[PDB]
């Protein structure tokens, strides 16, 4: 999408997996990309070099987004480096762990809820004034894209009740954000991955992987690369200017939304 050249794109949880594949694609489109994780990954500067060689720009920011303080600092550091924000991608998140209902204590509850919900709510909040300002300047829309999940539709797997429901929370809160912040020139959409071959599912044996694939019409897990184009699509005003408040599931037909 030609209108992504020069766009300032902050992608949380882009140190690996879906976020990283997505960041790579934005850089190829000429975007200025904020790479993010809890820790700087090894060879982060190689990644930055690849992204620059593809015609974009990149910088890494470390933050554990479970606290609002880290969310505000991430936004501030990103704006300090690139001068504003056109696109926020709330992709940071994960299972944290697996605990069945009888085992859910406050510590685990807090960990899952902070990683998956507080992170998105607060990072979006802090980014919002910047996204709105960029929209006003261009006369076109800025974009928030959050990563959902198949689990936000049908429920979390074993020990993952809080995770699935946290994703359902995101699917819903976007609806409120559309209703009252469309007037700020910001579109909100969600990419909802199914079962994707990343670190997220690395613990699964081939036997478990085969059983899941049996319930997927395409008969396989997705790749991180198969998630990325949807993010660019939702980020592009030319592509999706009249699209807001939607969830797009990418899952080989596993769940039909």
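Residue numbers count along the first chain shown, from 1.
| Of 115 to 123 and 131 to 139, the one with larger mean CA B-factor | Per the PDB entry, the higher value belongs to 131 to 139.
| field | Of 181 to 189 and 72 to 80, the one with larger mean CA B-factor | value | Looking at the record's C-alpha B-factors, the answer is 72 to 80.
| query | Which third of the chain holds residue 231 when residues are ordered by C-alpha B factor: lowest, middle or highest? | reply | For residue 231, whose C-alpha B-factor we compare with every modelled residue in the chain, the answer is the lowest third.
| said: Please place residue 257 in the lowest, middle or highest third of its chain according to the CA B-factor in the PDB entry. | reply: Answer is lowest: the recorded C-alpha B-factor places it there.
| message | Lowest, middle or highest third: which one holds residue 94 when the chain's residues are ordered by CA B-factor from the entry? | response | For residue 94, the deposited C-alpha B-factor lands in the middle third.
| field | residue 152 CA temperature factor, ranked by third within the chain | value | Within its chain, residue 152 is a lowest-third residue by C-alpha B-factor, going by the deposited values.
| request: Relative to the other modelled residues of the same chain, rank the CA B-factor of residue 164 and answer lowest, middle or highest third. | output: Bottom third by C-alpha B-factor.
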